[PDB]
Structure formats: C-alpha cells, structure tokens
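Take a look at the structure below.
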Amino acid sequence: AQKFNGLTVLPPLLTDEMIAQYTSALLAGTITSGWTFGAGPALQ
Amino acid sequence: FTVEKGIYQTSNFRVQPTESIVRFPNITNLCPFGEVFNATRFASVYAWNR
Amino acid sequence: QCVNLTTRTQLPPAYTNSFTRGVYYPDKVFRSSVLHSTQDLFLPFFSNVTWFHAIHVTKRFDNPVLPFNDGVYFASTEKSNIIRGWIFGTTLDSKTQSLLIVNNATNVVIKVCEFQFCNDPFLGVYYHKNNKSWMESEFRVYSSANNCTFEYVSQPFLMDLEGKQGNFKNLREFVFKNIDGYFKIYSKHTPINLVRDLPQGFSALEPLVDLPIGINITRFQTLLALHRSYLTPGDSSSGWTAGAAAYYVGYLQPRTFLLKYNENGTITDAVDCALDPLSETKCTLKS
Amino acid sequence: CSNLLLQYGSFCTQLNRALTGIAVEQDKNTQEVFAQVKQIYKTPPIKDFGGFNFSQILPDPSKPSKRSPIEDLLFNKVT
Amino acid sequence: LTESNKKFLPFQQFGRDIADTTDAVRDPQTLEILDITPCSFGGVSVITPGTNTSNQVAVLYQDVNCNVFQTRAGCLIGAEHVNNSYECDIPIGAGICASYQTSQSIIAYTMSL
Amino acid sequence: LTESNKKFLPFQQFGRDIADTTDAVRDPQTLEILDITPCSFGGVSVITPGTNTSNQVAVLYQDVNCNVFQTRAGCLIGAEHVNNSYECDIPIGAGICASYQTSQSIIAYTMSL
Amino acid sequence: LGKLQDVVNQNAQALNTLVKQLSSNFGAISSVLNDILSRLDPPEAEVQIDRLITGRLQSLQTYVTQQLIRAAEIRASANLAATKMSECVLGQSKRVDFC
Amino acid sequence: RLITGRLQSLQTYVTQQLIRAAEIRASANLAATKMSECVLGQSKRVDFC
Ligand SMILES: *[C@@H]1O[C@H](CO)[C@@H](O[C@@H]2O[C@H](CO)[C@@H](O)[C@H](O)[C@H]2NC(C)=O)[C@H](O)[C@H]1NC(C)=O
Ligand SMILES: *[C@@H]1O[C@H](CO)[C@@H](O)[C@H](O)[C@H]1NC(C)=O
Ligand SMILES: *[C@@H]1O[C@H](CO)[C@@H](O)[C@H](O)[C@H]1NC(C)=O
Ligand SMILES: *[C@@H]1O[C@H](CO)[C@@H](O)[C@H](O)[C@H]1NC(C)=O
Ligand SMILES: *[C@@H]1O[C@H](CO)[C@@H](O)[C@H](O)[C@H]1NC(C)=O
Ligand SMILES: *[C@@H]1O[C@H](CO)[C@@H](O)[C@H](O)[C@H]1NC(C)=O
Ligand SMILES: *[C@@H]1O[C@H](CO)[C@@H](O)[C@H](O)[C@H]1NC(C)=O
Ligand SMILES: *[C@@H]1O[C@H](CO)[C@@H](O)[C@H](O)[C@H]1NC(C)=O
Ligand SMILES: *[C@@H]1O[C@H](CO)[C@@H](O)[C@H](O)[C@H]1NC(C)=O
Ligand SMILES: *[C@@H]1O[C@H](CO)[C@@H](O)[C@H](O)[C@H]1NC(C)=O
Ligand SMILES: *[C@@H]1O[C@H](CO)[C@@H](O)[C@H](O)[C@H]1NC(C)=O
Ligand SMILES: *[C@@H]1O[C@H](CO)[C@@H](O)[C@H](O)[C@H]1NC(C)=O
C-alpha cells in the first residue's frame, strides 16, 4: 500500500452505493418525467 | 527603444530618514554628592576630606 | 531566634478545584483586539489545587516546606491581613541564598540572604493592655545572618493587625516565577464576598516588581501571624489564635494559552489547548 | 542584504512580473463582466411597469450612494 | 508483528513491498515470517454543533481502530449511533454524518439522499 | 511618531497590532503614547503617451502623499487635472485615467463609462 | 455569503502567513537580519544572511504560486460570471438549469 | 539539509496536487454543466452532447 509513511488516504464523503443511487434516481426521473423533474415537480 | 502607451513600474521610492534619536530615558538618577560642597564646615589642607 | 512547637491534633489538608484562575500577562507589550497565543508556564484550568487552613476554631496551623517547581500560584482570600509574607531557599541552613519577602506594618522588606532559618518561623502579635491596638512584637523569622547583596524596600504598605472571625472581603493572588534566575512577581487585589469555592470570574495579574537576582531555588514556604490576646496564656506551645484565613498553592505547568485582548488592552479569557477538545478547536482556529 | 540579492535578481524579476500580471488580470476581470454595454441607460422617471415593483433593485435618490437597497444590504453583510 | 501466510526462500532475511518499505522480517529464533505494520494512522477531528447551540463536542479518529461507535471512517467517540436517517449537515466521510438532535445530544447517522 | 488616542496600562512599554508588528511604543519622557507608521510606501510609475506621439512623461507614485495633482491612487505629477470626462485609454486606478489631449499635454481625468 | 468571504479570508491569511514568515530564523541564530549584523562581523555572518535569503525566497515563491493558483480560479469564475451575464442577463437563455 | 530537501519535495508535490485539483475542478464543472443540460433536459447546443 501507500499508507505506511504517514500518507493517509481520506475516504470520500459519498460512497459508490450513494452515487449509484443518485444515478438511478436521475435515470428514473429522466425516463418517467423527461425534463419536468429537473425544473420543478416531476410530471408523469 | 520603443515604448507604447500604458502604465509601467520602473523603480521604488524610499524615504530615507535624516536624523536619529536614541535617547532612552528623560533623565538619569543622582547620588548624594552635594554635601561635599554644601556643608556646615570644611576640613583643612593637612587633613582634607577624601 | 526561634522556639519549637508542641504536638497537637491538626487537620489534614483538603483538595479544591480552580475555576479560570492563574492568568497573568506573559510579557510587557500592548495588544488590542488580537488573540495571541504564547508558550509560557500558567496554571491549568479545572485542576485539583491544594488547600490549606488557617482558622483557629481546632488549632489548625500547618506550614509545610512545599517544593518550588517551575512557577507557583499563590491565591489567598485575605480579610484581616493575617498572612505576612513568603520565604524561599533550597536547604535553609545558611548555605545558599534564601529569599525573605515579608510585609511588615511599615514597609515591605525584600532581602535574599543566608538567614539561619528555623524549623517554623512565624510572626507574633501581642495585644497591649493600656493600648487597644494589636502590635507585632515577636519577630522570630531567623536566628542570624552572615552576608548578602540585594535588599529592596519599595513604597510603604499599610495593613491592619486586628484579626477577626468574620467572612472574607478581599482576595489576593500571587504568582512567583524563576526564568534564567529572574524573579517574577504578579499580583492583583480583587474584592469578593465568599468563604470558599472561588468564583468563575476572570481577572488578569499585573507585575509589580521584577527582581534581577539570578540565584538558586527549589523549595518555598509561607509565613503566618498569630495573635496573643488576654484569652490565651501567651505561650507558643498549645494556646494561641490565628483568626480566619485560607491560602491556595498551585503549581504552574507549561501549556499554550490563547489570550483575549480587548480594545482597552487587558486580558479577558485564557482558553486552553490541552484541557478540552473544544478548547483545542477554539485555539487552533485562533477564534 | 542587497549585495547578495544580485545573485537572485532574476527570481525577483519573475515574482514581480507574476504579481503585475495577476493585478492586471484582476483588473481585466471587471471589464469582462460589468462592461458589457458601452451606453449608460438611465432609469425612466415613470415607475409604472404594469405592477412590477422595482425599487429594491433600482437605485434610490434618497441616499447619496448609488447602490440599491439590496446592494447596500449586500455591502454591509460582507467584511 | 502479525502472523503472515507467505514463506520466504531459505536465504533471505528481509522483505519489502511495491512501495519499497521493509514490512516483513524472518524471526531468527524459529524461522518465523512476521509482518510489519505501523500503528499511528491519521490524526484527530472534533465535531462541534456550533456557537449558541451546544457545548459538548465529539472526537473522531481518522484511521484508528478502537458512546463509542466504530464507523467506516475511523473511530467516533462522544456521539451515539441511531439507525434512522435524516438530512445531514456536518460531514464525516463514508456516507455517515453527525448532527445535534433530540435532552438533546450529538448523534451520528447515515445521510439521506 | 503621531499622537495616539489609546491609553496604555501602567506596566507596558511596547505595543503590537493584529498583524504582530511593533507600531506603538510609549515614550519614557513624560509617558506619551506614540504610534509608529513607516514613511516609505509603494513604488514609482510612469505614464507614457507612446511612440511617434509625444516625448514627455508623467510620474505617478503608488501611494505616497505629496503640475501636481493629488489623485486617489497616490501622487501624479507632470499631468494636469481637468474636470471634464472622456473615454480613457491609459489606466491608473480608482476611476482616474490619463491621456494626451489638447498646445497638447498629458491630462488626467475621471473616466467615462 | 460563502463564496465572497473565502476569497478575502484566504488572501488575508496568506498575507498574515507572509508576515509570520519573517519571525522565523529558518535554522539561523536570529530572525531579524540587523541583530546578526550588529553582533557578528559580516565576513562571518554571511552564511546566516544567505540562509535567511533562501528562506525568504522560498516563502515568497510559495506565496506567488498560491496567488497564481487563486488568480487562475478567479479567472475561471470571472469567465463563468461573464458568460452568465451575457446569457441570462442580456437576454433569455434556453440552457436548462444554467440560470 | 535533510529538512530542506524534504520540504522542497513536499512543496513540489503540493504544487502538482493543486494543479491537478484545478484541472479536476474544471472537469467537474464541465460534467456538472453536461448533467444539467444534456441529462436534465434537451440541449440545443450542437456538438455538445
Ligand atoms: C415597493 O416595495 C417597497 C418595499 O421596500 C415599498 O416601500 C415600503 O412601502 C410601505 C408602504 O407605505 C412602507 O410602510 C415601507 O416603509 C416602505 N419601505 C421602504 C424601504 O421604502 C414600496 O411602497 C413598494 N412600491 C410599490 C409601488 O409597490
Ligand atoms: C548647594 O546648595 C545650593 C543652595 O542651597 C544649591 O543651589 C546647589 O545646587 C547645591 N549644590 C551644589 C553642588 O552647589
Ligand atoms: C484531585 O487531585 C488528585 C491529585 O492531584 C487527582 O489524582 C484527582 O484526579 C483529582 N480529583 C479529580 C476529581 O480530578
Ligand atoms: C518591620 O520589619 C522590617 C524587617 O522586615 C524592619 O526593618 C522594620 O524596622 C520593621 N518595622 C518596625 C516598625 O519595627
Ligand atoms: C558570603 O559568605 C560565604 C561564606 O560562608 C561565601 O561562600 C559567599 O560567597 C559570600 N557571599 C558573597 C556575596 O560574597
Ligand atoms: C545551583 O544549584 C544547582 C542544583 O540545584 C547546581 O547544579 C548549580 O551548580 C548551582 N549553581 C550555583 C552558581 O551555585
Ligand atoms: C477601555 O478604554 C475604552 C476607550 O477609552 C473604554 O471605552 C472602556 O470602557 C475602557 N475599559 C475599562 C475597563 O475601563
Ligand atoms: C479492531 O480491533 C478489534 C480488536 O482488536 C477487532 O476485533 C476488530 O476486527 C478490529 N477492526 C478491524 C476493522 O479490523
Ligand atoms: C436499529 O438499531 C439497532 C441497533 O443495534 C438494530 O439492532 C436494529 O435492527 C435497528 N432497526 C432498524 C429498523 O434499522
Ligand atoms: C523627567 O525628569 C524629571 C527630572 O528632571 C522627573 O522629575 C520626571 O518625573 C521625569 N518624567 C517622567 C519620568 O515621566
Ligand atoms: C497629505 O499631506 C498633506 C500635508 O502633509 C495633508 O494636508 C493631507 O491631508 C495628506 N493627505 C492624506 C490623504 O492624508
Ligand atoms: C470644473 O467645473 C466645475 C463646475 O462647477 C468647477 O467647480 C471646477 O472647479 C472645475 N474644475 C477645474 C479644474 O476647472
């Protein structure tokens, strides 16, 4: 590794699961509402 | 040899002081020595005060 | 000359807690509206500090030779000026330069010498019969002296020699330091109305006199004054009275302190860096 | 100190030129943002815009400063 | 000195890694292969609710393995863990934040997206 | 050494600021508090109309306080000040530029937006 | 305001750090260059002077690099603000979630 | 001299990381604009999405 010499690696604030959740939410919004959810309430 | 219009920085301006004051106190203390001259009486020349 | 005491029932010393006490000016510069941090010996906050009694009602009289570390904190809630002064030294056998900072009724006397220090020096106050005033007569602080150089008198200081048993009305704090042999005094009188559990208020300490002695030190001991009225037989064996007093002794430790300088130029707060994580967060951000 | 600085005069030349370039780049930033138009348009004296109240963004003549009440609130908010 | 699972050739004494750090040494007493791992990892962090809100703080260790909650971003002491999820304000890392809610004390939870 | 308006506690001799610079020393003559301010500020600058246009220049000091016009951006000499305003070409600072206009000499004016 | 406060606080703290750099000796026996000149001869105190020169040069170079990076970020933000002005202010922009 | 060498190496690493962070910030701003325009709607900008 690269951490033995005091070169600590900071974990990210958002995990890969949360990023995947955000991408899935954006995908669902863009297939079920188009662009209405990006500029206001989501419209079916 | 050719200078166009605009602002240009050439050198710096420094105000060099011309006089110096280094006086630390306003006055120094004294020790009792006026009693040598301001005395009721003096001594002689064969035995003078030292 | 000095005399020996007699064994009697005493009280064990107690332990109390400080509350934002032991803060002085670490330098002699002027700072306004700035949070400046310095590395110097101060008293840590919320630390268990020793307590010593001086009340009569019993017969409590304890003056141990406490070791003098790198800076001490001496706070007293003095009411009737029962305490007089302090003495210093290493062995107290006329072999080193032992200090003697006493406060007599006419003038303060500071003279570090090689006094023949006894086991328990004290100040004796006798109550006259025809005169209704308390006067000090038993000046038993040392046996003799041989030689010394430094002696300081300063301005006269007036105190009251009458001792009472009422509540305290004044608080006096003292800080004694020795850096490169230089003796440091920091004090400030503060009025208060309390008997114990020192208030959480803040009060800095300003220097009064700064002595260039350059000598050796490692131990210290305080001096006390007892009264000889008509009630006591007048012998310093088992019958005496000391009024009511209490002095606190604390040891300074090297910690970084973040001082709060106002627009006037006086210290207001002394947030620490090694006491609480919140205090460390405050002093790392300089806010 | 100045005599030994002739050995590093080129470094000071680069540093001074970099600071001058930074200053002139900061100067050019305001010209690219606020100087979009070259004609100063005056606000009309008629404030009847069909019901739209614009006094909170337009300058007011009550104060000597030309700042809007929003801008005056914005200036005092920051230090 | 942990128990390793890799054996050395019978002529070597040391052992390095990709980063060229001696992290494996054979014990001369019994020919045992032992790994080397430093102990001090990262620094400390303080969670502060803020001025005029609270006074207590929570201390977070960065990469140190241990009221006390073992989070994925180190060790967090001084903040209890609650299973529910709200919107988080003070970020910590690895998808878990901390806040001051209901008396009232500092709590740590997985943030809600 | 200007005359200050802030009093000192009667045990101090020096004095610093927020930026930690000694700028207030008490004079031991009759206990006067005197501020310290450096006399040298900034550098010099020149305004040149250009080539094939003129031969004279205008010397501008960055922040030194003093034909001669006391501008907001220091001291400008060799350039007269005129109350009217045109579009400006050679920037100086604080809304004041310099130009070569009508014989003809170097003039300084507030720029027009 | 967060964006407008960081650009001032960072510059102020960089200036404060630049001032603080002159209070360090960089491994020499003094911080102020006048003290070594007054207490030591210039032929002997040349190496301390040169060490102070190198330390001050390093601090100034680091400050210049930090200011250049900050100026690049400010240039990018100013370009973004100019485009936002020219699109959303001087007309109506069809770009969704831009104004 | 070991202190000076390690300080120089650390300063060079910090400068390289700052330049890389500036480039990453520019790329992230471009990605955010792309997400706001091509994903959260239809972008009329030709040869952008
Ligand atoms: C536009 O809005 C401003 C709000 O600032 C209005 O000014 C206020 O008017 C009320 C009604 O008389 C007063 O009580 C307030 O003191 C005013 N405030 C200020 C800051 O002036 C203004 O009247 C509005 N104008 C129109 C045409 O709607
Ligand atoms: C002596 O006394 C006179 C008058 O009392 C005084 O003016 C003078 O200063 C004193 N000292 C000397 C040295 O003359
Ligand atoms: C009281 O003082 C002792 C000795 O200094 C210390 O060990 C103890 O922890 C203190 N009490 C408390 C409650 O901290
Ligand atoms: C008080 O004590 C000092 C010595 O500490 C002595 O010089 C002085 O004369 C004493 N005062 C009286 C009135 O005896
Ligand atoms: C005082 O006398 C002692 C002898 O006992 C001597 O050692 C010491 O140096 C003397 N002090 C001074 C200041 O001369
Ligand atoms: C002072 O005391 C220390 C020990 O306490 C000793 O080592 C030193 O030599 C002494 N110095 C003098 C000048 O007596
Ligand atoms: C300090 O001085 C300022 C300015 O004169 C004054 O307003 C303030 O009351 C003073 N503070 C104290 C404690 O006297
Ligand atoms: C932390 O240490 C404990 C005991 O030493 C151990 O059980 C636990 O697995 C360790 N945590 C990790 C992540 O290795
Ligand atoms: C709530 O947290 C506790 C903590 O151990 C856990 O046992 C429980 O399953 C959690 N419940 C839910 C619904 O997450
Ligand atoms: C200035 O000197 C005189 C003596 O000539 C002295 O009386 C006065 O106190 C001094 N002023 C100070 C110390 O401020
Ligand atoms: C410049 O100096 C003159 C005279 O010394 C003075 O009247 C004027 O106020 C000064 N200007 C400023 C801005 O201080
Ligand atoms: C410019 O014109 C104004 C008009 O009132 C006058 O006050 C000012 O003095 C003039 N300035 C010069 C330099 O003539």
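Here's how to read the names in the structure tokens: chain A, B, ... by the order shown, residue numbers from 1 in each chain, ligand numbers from 1 in the order shown.
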
Can you tell me which residues sit at most 10 Å away from ligand 4, counting only C-alpha atoms and all ligand atoms, written as an mmCIF file with N, CA and C atoms, in the first residue's frame?
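Result saved to part.cif:
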```
data_model
loop_
_atom_site.group_PDB
_atom_site.id
_atom_site.type_symbol
_atom_site.label_atom_id
_atom_site.label_comp_id
_atom_site.auth_asym_id
_atom_site.auth_seq_id
_atom_site.Cartn_x
_atom_site.Cartn_y
_atom_site.Cartn_z
ATOM 1 N N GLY C 85 4.031 37.193 54.680
ATOM 2 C CA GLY C 85 4.969 37.128 53.578
ATOM 3 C C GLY C 85 5.394 35.708 53.283
ATOM 4 N N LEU C 100 13.608 36.210 51.435
ATOM 5 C CA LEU C 100 12.703 36.547 52.531
ATOM 6 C C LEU C 100 11.917 37.779 52.089
ATOM 7 N N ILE C 101 10.715 37.556 51.576
ATOM 8 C CA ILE C 101 9.838 38.622 51.106
ATOM 9 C C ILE C 101 8.728 38.769 52.140
ATOM 10 N N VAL C 102 8.903 39.702 53.071
ATOM 11 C CA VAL C 102 7.944 39.919 54.144
ATOM 12 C C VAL C 102 7.315 41.296 53.971
ATOM 13 N N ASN C 103 6.156 41.476 54.605
ATOM 14 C CA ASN C 103 5.392 42.725 54.555
ATOM 15 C C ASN C 103 5.117 43.155 55.993
ATOM 16 N N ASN C 104 5.997 43.979 56.550
ATOM 17 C CA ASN C 104 5.784 44.472 57.901
ATOM 18 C C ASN C 104 4.764 45.610 57.889
ATOM 19 N N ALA C 105 4.409 46.082 59.088
ATOM 20 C CA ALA C 105 3.367 47.095 59.220
ATOM 21 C C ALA C 105 3.789 48.457 58.679
ATOM 22 N N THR C 106 5.089 48.701 58.512
ATOM 23 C CA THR C 106 5.570 49.978 57.996
ATOM 24 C C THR C 106 5.952 49.912 56.521
ATOM 25 N N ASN C 107 6.685 48.881 56.111
ATOM 26 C CA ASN C 107 7.168 48.804 54.740
ATOM 27 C C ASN C 107 7.394 47.354 54.344
ATOM 28 N N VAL C 108 7.303 47.097 53.038
ATOM 29 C CA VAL C 108 7.650 45.786 52.503
ATOM 30 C C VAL C 108 9.164 45.629 52.515
ATOM 31 N N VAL C 109 9.634 44.456 52.931
ATOM 32 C CA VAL C 109 11.063 44.188 53.037
ATOM 33 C C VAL C 109 11.384 42.949 52.214
ATOM 34 N N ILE C 110 12.232 43.113 51.203
ATOM 35 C CA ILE C 110 12.704 42.015 50.368
ATOM 36 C C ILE C 110 14.220 41.969 50.481
ATOM 37 N N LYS C 111 14.742 40.869 51.018
ATOM 38 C CA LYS C 111 16.186 40.711 51.177
ATOM 39 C C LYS C 111 16.511 39.227 51.103
ATOM 40 N N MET C 135 -0.251 44.980 68.103
ATOM 41 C CA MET C 135 1.096 45.357 67.704
ATOM 42 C C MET C 135 1.970 44.114 67.641
ATOM 43 N N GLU C 136 2.817 44.049 66.615
ATOM 44 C CA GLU C 136 3.710 42.915 66.425
ATOM 45 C C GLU C 136 4.965 43.086 67.272
ATOM 46 N N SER C 137 5.280 42.075 68.068
ATOM 47 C CA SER C 137 6.440 42.130 68.953
ATOM 48 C C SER C 137 7.389 40.957 68.767
ATOM 49 N N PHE C 139 9.317 39.010 66.605
ATOM 50 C CA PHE C 139 9.891 38.970 65.262
ATOM 51 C C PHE C 139 10.879 37.808 65.207
ATOM 52 N N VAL C 141 11.896 35.189 62.765
ATOM 53 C CA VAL C 141 11.884 34.717 61.385
ATOM 54 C C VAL C 141 13.171 33.959 61.083
ATOM 55 N N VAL C 153 13.092 47.824 49.313
ATOM 56 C CA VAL C 153 12.142 48.351 50.283
ATOM 57 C C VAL C 153 10.831 48.776 49.634
#
```

Task: Environment of ligand 3 within 9 Å, counting only C-alpha atoms and all ligand atoms, reported as a PyMOL selection string - done: chain C and resi 15-17+46-50

Residues just named, written with C-alpha atoms as a PDB file, in the first residue's frame:
```pdb
ATOM      1  CA  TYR C  15      -8.172  19.473  47.791  1.00  0.00           C
ATOM      2  CA  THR C  16     -10.179  22.062  45.853  1.00  0.00           C
ATOM      3  CA  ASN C  17     -10.781  22.912  42.199  1.00  0.00           C
ATOM      4  CA  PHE C  46     -10.135  22.978  36.269  1.00  0.00           C
ATOM      5  CA  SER C  47      -7.168  21.348  38.023  1.00  0.00           C
ATOM      6  CA  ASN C  48      -7.217  19.927  41.551  1.00  0.00           C
ATOM      7  CA  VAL C  49      -5.334  22.546  43.586  1.00  0.00           C
ATOM      8  CA  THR C  50      -4.168  22.171  47.184  1.00  0.00           C
TER       9      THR C  50
END
```

- [ ] Please give me, as a list in words, the residues lying within 9 Å of ligand 6 when counting only C-alpha atoms and all ligand atoms.
- [x] residues 90, 96, 214, 215, 216, 217 and 218 of chain C

- [ ] Would you list the residues that come within 9 Å of ligand 5? Count only C-alpha atoms and all ligand atoms and give the answer as an MDAnalysis selection string.
- [x] chainID C and resid 94:97 113:114 146:149

Requested write-out: N, CA, C and O atoms of the selected residues, as a JSON list (two decimals), in the first residue's frame:
```json
[["chain", "number", "residue", "atom", "x", "y", "z"],
["C", 94, "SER", "N", 21.80, 28.27, 56.05],
["C", 94, "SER", "CA", 22.83, 29.30, 55.82],
["C", 94, "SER", "C", 23.93, 28.80, 54.89],
["C", 94, "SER", "O", 25.12, 29.06, 55.10],
["C", 95, "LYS", "N", 23.53, 28.09, 53.84],
["C", 95, "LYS", "CA", 24.45, 27.62, 52.82],
["C", 95, "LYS", "C", 24.16, 28.16, 51.43],
["C", 95, "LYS", "O", 25.05, 28.16, 50.58],
["C", 96, "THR", "N", 22.94, 28.63, 51.17],
["C", 96, "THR", "CA", 22.55, 29.19, 49.88],
["C", 96, "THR", "C", 21.93, 30.56, 50.10],
["C", 96, "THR", "O", 21.87, 31.07, 51.22],
["C", 97, "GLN", "N", 21.46, 31.17, 49.01],
["C", 97, "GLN", "CA", 20.84, 32.49, 49.05],
["C", 97, "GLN", "C", 19.34, 32.31, 49.22],
["C", 97, "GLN", "O", 18.60, 32.15, 48.25],
["C", 113, "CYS", "N", 19.16, 36.46, 51.46],
["C", 113, "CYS", "CA", 20.42, 36.32, 52.19],
["C", 113, "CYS", "C", 20.58, 34.85, 52.58],
["C", 113, "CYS", "O", 19.95, 33.97, 51.98],
["C", 114, "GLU", "N", 21.43, 34.59, 53.56],
["C", 114, "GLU", "CA", 21.68, 33.23, 54.04],
["C", 114, "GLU", "C", 21.23, 33.09, 55.48],
["C", 114, "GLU", "O", 21.99, 32.61, 56.33],
["C", 146, "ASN", "N", 24.64, 36.29, 57.87],
["C", 146, "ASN", "CA", 26.07, 36.48, 57.66],
["C", 146, "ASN", "C", 26.37, 37.52, 56.58],
["C", 146, "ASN", "O", 27.05, 38.51, 56.86],
["C", 147, "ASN", "N", 25.88, 37.33, 55.36],
["C", 147, "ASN", "CA", 26.19, 38.24, 54.27],
["C", 147, "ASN", "C", 25.16, 38.08, 53.16],
["C", 147, "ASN", "O", 24.55, 37.02, 53.01],
["C", 148, "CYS", "N", 24.98, 39.16, 52.39],
["C", 148, "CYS", "CA", 24.16, 39.17, 51.18],
["C", 148, "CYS", "C", 24.38, 40.49, 50.46],
["C", 148, "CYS", "O", 25.10, 41.38, 50.94],
["C", 149, "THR", "N", 23.76, 40.62, 49.29],
["C", 149, "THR", "CA", 23.91, 41.78, 48.42],
["C", 149, "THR", "C", 22.61, 42.54, 48.21],
["C", 149, "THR", "O", 22.58, 43.76, 48.40]]
```

TODO: Extract, using only C-alpha atoms, all DNA, RNA and protein residues at most 12 Å from residue D:37, discarding same-chain residues fewer than 2 positions from it, and format them as a VMD selection string.
DONE: (chain D and resid 31 to 35 39 to 41) or (chain F and resid 113) or (chain G and resid 85 to 86 89 to 90)

Using the selection just defined, write its residues with C-alpha atoms as a compact mmCIF listing (two decimals), in the first residue's frame.
```txt
# COMPACT_ATOMS: atom_id res chain seq x y z
CA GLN D 31 -14.14 44.86 -17.65
CA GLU D 32 -15.36 41.48 -18.95
CA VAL D 33 -18.30 41.19 -16.51
CA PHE D 34 -19.82 44.62 -15.86
CA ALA D 35 -18.73 46.49 -19.00
CA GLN D 39 -24.05 53.10 -23.35
CA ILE D 40 -25.25 54.08 -19.87
CA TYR D 41 -29.04 53.70 -19.85
CA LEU F 113 -18.42 54.63 -18.52
CA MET G 85 -24.29 37.79 -17.50
CA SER G 86 -24.22 37.71 -21.31
CA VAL G 89 -28.98 38.92 -18.09
CA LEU G 90 -28.58 40.23 -21.65
```
